[PDB]
Every structure is written in structure tokens, then in C-alpha cells.
Amino acid sequence: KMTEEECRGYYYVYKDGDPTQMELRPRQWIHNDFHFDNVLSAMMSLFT
Amino acid sequence: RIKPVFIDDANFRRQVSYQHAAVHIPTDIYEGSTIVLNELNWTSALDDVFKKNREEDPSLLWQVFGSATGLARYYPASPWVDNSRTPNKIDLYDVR
Amino acid sequence: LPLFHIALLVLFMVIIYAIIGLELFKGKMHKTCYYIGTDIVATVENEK
Amino acid sequence: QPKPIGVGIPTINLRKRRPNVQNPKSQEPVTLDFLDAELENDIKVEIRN
Ligand SMILES: *[C@@H]1O[C@H](CO)[C@@H](O[C@@H]2O[C@H](CO)[C@@H](O[C@@H]3O[C@H](CO)[C@@H](O)[C@H](O)[C@@H]3O)[C@H](O)[C@H]2NC(C)=O)[C@H](O)[C@H]1NC(C)=O
């Protein structure tokens with residue numbers, strides 16, 4: 001899912017990459033903890 | 001959403017409602033998107049013909065429309081055998 | 001060339017600490033908890 | 001019978017099945033041939049044909 005409006009609902013995760021072992025998780029639009037949205041966040045990311 | 005009465009009826013080993021039709025949407029398909037929501041109204045006109053077919057032949061079983069978008073509108077209305085994640089078990093049912 | 005003595009000191013310290021660890025923690029990290037009746041290691045989301 | 005059609009010897013490996021994975025059950029149809037529902041003769045083959 002490539003858009004925020006697309007990233008809604010639930011989806012399957014597979015444990016150890018086995019197609020017969022799946023678990024439901026809700027999908028959420030996630031922002032990276034260290035980003036470059038403004039100069040302050042960019043400076044924090046560059047310091048890290 | 002709709003809360004049906006769900007009387008218990010024979011020829012269906014479960015509780016069914018004849019006042020409307022039930023809609024099944026696959027778990028990994030988000031209900032409420034533009035494609036799914038557009039399908040729901042134009043498929044909502046099938047309930048009248050579902051009721052007409054039922055009343056013409058009372059001994060008639062499930063009538064289903066399986067959409068190319070993944071939806072499945074079936075009559076009479078009845079809860080799904082395996083709901084999504086209310087219990088630990090999940091269902092993998094795609095009408096396509 | 002002048003770093004030869006420091007290299008010898010580092011090598012000797014590595015040897016000493018390796019032998020100490022060999023005597024202390026040998027055969028200790030061979031036990032983990034799997035799921036009961038299976039051979040699948042039991043972990044959580046972000047735990048190695 | 002309402003039972004699904006079996007294929008081969010059923011082999012399971014319970015040492016790699018987690019208790020909470022919800023494996024799929026089945027989707028196959030009950031396709032039982034006429035010659036496999038009764039004892040088969042040569043007359044039955046020609047009748048079926
Ligand atoms: C999907 O939803 C839309 C909107 O809820 C449905 O359109 C609505 O259809 C009803 C009846 O066909 C309309 O009611 C009528 O409104 C006129 C005035 O426009 C009034 O003179 C009539 O007496 C009657 O009350 C309603 O206005 C209309 N809404 C809109 C926004 O157009 C649509 O029918 C639904 N899909 C299907 C397949 O039914």
C-alpha cells in the first residue's frame with residue numbers, strides 16, 4: 001500500500017515466511033522516527 | 001451498519017434474515033474505499049430481486065452475487081461462518 | 001612499526017579474555033524456550 | 001459422502017505448527033468418479049461411456 005488512504009484496514013503477516021502461518025494486523029500509516037520534514041528534525045537526524 | 005433480527009429457519013442449518021442481504025468482504029480488502037463503497041449502493045438494488053425470487057420459489061437456497069471487486073452479496077442475510085478476528089481464528093475467503 | 005608493542009598487548013589481552021570467557025560461559029547459551037511440543041523458537045515482535 | 005476427497009497418505013509435521021497460526025482448511029470439490037463409487041467391471045465402463 002503506497003498511499004495513506006490505501007493503508008487502511010487489516011492485512012496478513014507470515015511467521016518465519018510460511019504461507020500457512022499467518023496473523024492479522026491492522027495497517028497504519030507510519031512516520032519514520034528520524035526524518036527531514038523540517039530543519040529541526042533534519043538536524044536531529046544528521047546528529048544521529 | 002444494519003442489526004438484523006435473525007430468526008431461526010429450516011432449509012438453512014443456521015439463523016437467517018429475509019429483510020435484507022448480507023455482504024462479505026475479504027479481510028485484507030479495506031471496506032469503505034471508493035471502489036467498495038461505490039459497489040455497495042448499486043448492488044443494494046439486488047435485494048428486491050432476491051426477495052422476489054425467494055417469494056416465487058420458497059424452497060430456494062442461497063442467492064449470491066460475487067463481485068469482481070471481492071464483494072459477495074448473498075441472500076438471505078446470515079452471519080459468516082468464520083468472522084475475521086473476534087475469536088483467535090481467521091477466514092481466507094475470496095469470492096474470485 | 002611503533003605500534004608493534006600495542007599490537008602485542010591487544011593480542012595478549014584478547015587471548016586472556018577469550019580463555020576467561022571459555023572457562024566462564026562455555027556451553028551456557030545453548031538453552032532457549034520453544035513452543036510446547038514443537039521446534040519453533042518463541043519470541044516477540046522485535047526481540048532477537 | 002460429505003467428506004472431502006483424499007489424496008495419498010496424509011503426512012503431518014506437528015513439530016513446526018504453532019498453536020495460533022490459523023492454517024487454511026480446504027477448497028477442493030467432492031469429485032468422485034462413477035467407477036470409484038462402485039466395483040468396476042468392463043460392462044460398467046461401457047455403460048458409463
Ligand atoms: C446510493 O446512494 C444515493 C444517495 O443516498 C442514492 O440516491 C438517492 O436515491 C433516492 C431514491 O432513488 C432519492 O430520493 C428521492 O429524492 C428526490 C429528490 O432528489 C425526491 O423527490 C424523491 O421523492 C426521493 O425522496 C435521493 O434523493 C437520492 N440521493 C441523491 C444524493 O441523489 C442512490 O439511489 C443509492 N444507490 C442505489 C443503487 O439506490
Side-chain angles (χ1 to χ4, degrees), chain A residues 1-14 19-32 35 37, chain B, chain D residues 2 4 20-31:
Chain A
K1 309 292 171 173
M2 292 292 272
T3 316
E4 180 186 18
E5 79 164 20
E6 292 169 37
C7 192
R8 288 165 188 172
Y10 301 67
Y11 78 110
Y12 308 112
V13 308
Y14 302 93
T20 58
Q21 319 218 293
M22 69 211 98
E23 145 191 350
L24 274 175
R25 309 259 198 81
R27 41 185 160 218
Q28 42 191 276
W29 202 239
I30 291 152
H31 196 28
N32 205 35
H35 50 99
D37 268 12
Chain B
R1 295 298 150 99
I2 291 186
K3 271 76 180 172
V5 190
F6 282 164
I7 77 197
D8 200 324
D9 158 48
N11 332 97
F12 295 97
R13 264 72 65 85
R14 56 177 37 221
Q15 41 183 4
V16 305
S17 168
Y18 300 105
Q19 306 306 316
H20 45 272
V23 169
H24 171 79
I25 308 156
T27 315
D28 57 337
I29 291 181
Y30 170 60
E31 72 275 16
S33 51
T34 291
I35 296 91
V36 171
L37 281 175
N38 266 279
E39 206 84 357
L40 290 156
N41 267 31
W42 82 256
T43 45
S44 302
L46 290 179
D47 304 340
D48 308 32
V49 188
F50 281 152
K51 295 182 177 71
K52 255 207 65 73
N53 286 337
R54 195 302 190 290
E55 85 202 7
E56 189 149 351
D57 193 12
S59 68
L60 194 150
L61 294 184
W62 307 117
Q63 324 176 56
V64 55
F65 171 70
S67 180
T69 73
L71 266 61
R73 199 180 195 96
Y74 57 91
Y75 187 84
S78 195
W80 203 241
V81 55
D82 278 314
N83 55 353
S84 57
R85 208 173 179 67
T86 303
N88 43 2
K89 74 201 305 184
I90 74 178
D91 70 325
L92 320 170
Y93 184 94
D94 191 4
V95 70
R96 280 85 58 84
Chain D
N20 295 114
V21 285
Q22 287 76 241
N23 314 111
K25 285 185 209 250
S26 161
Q27 196 179 3
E28 302 276 6
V30 191
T31 48

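Values reported hereafter were calculated over all heavy atoms of this structure, with side chains retained and with hydrogens, waters and symmetry mates removed. Each chain gets a letter, A, B and so on, in the order the sequences are listed, and its residues count up from 1. Remember, it's 1-based here, ligands and their atoms both numbered in the order they're listed.
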Partner residues of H35(A) under the ring pair (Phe, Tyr, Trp, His ring centres under 6.0 Å) criterion, sequence neighbours left out: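 For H35(A) the ring pair (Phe, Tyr, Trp, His ring centres under 6.0 Å) partners, ignoring immediate neighbours, are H31(A).
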Sequence-distant partners of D94(B), side-chain contact (heavy atoms from CB on, under 4.5 Å), two or more places apart: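 side-chain contact (heavy atoms from CB on, under 4.5 Å) check on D94(B) returns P26(B), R96(B).
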Please enumerate all residues that pass side-chain contact (heavy atoms from CB on, under 4.5 Å) together with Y12(A), with sequence neighbours excluded.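 With sequence neighbours excluded, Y12(A) shows a side-chain contact (heavy atoms from CB on, under 4.5 Å) to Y14(A), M22(A), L24(A), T27(B), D28(B), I90(B), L92(B), given in chain and number order.
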Geometric class of the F50(B)/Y75(B) ring pair [parallel <30°, tilted 30-60°, perpendicular >60°]: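 Plane angle under 30°, so parallel.
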Distances for all N or O pairs of ligand 1 and the protein under 3.5 Å?
residue  : atom   : partner : partner atom : Å
ligand 1 : 2 (O)  : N41(B)  : ND2          : 2.2
ligand 1 : 36 (N) : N41(B)  : ND2          : 3.1

Give a yes or no on this: more than 12 heavy atoms of other residues, nucleotides or ligands lie within 6.0 Å of atom CD of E6(A).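 Check passes, neighbour count above 12.
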Donor on one side chain, acceptor on other, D9(B) and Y18(B), under 3.5 Å: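 Yes, because at least one side-chain N or O of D9(B) sits under 3.5 Å from a partner of the opposite role on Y18(B).
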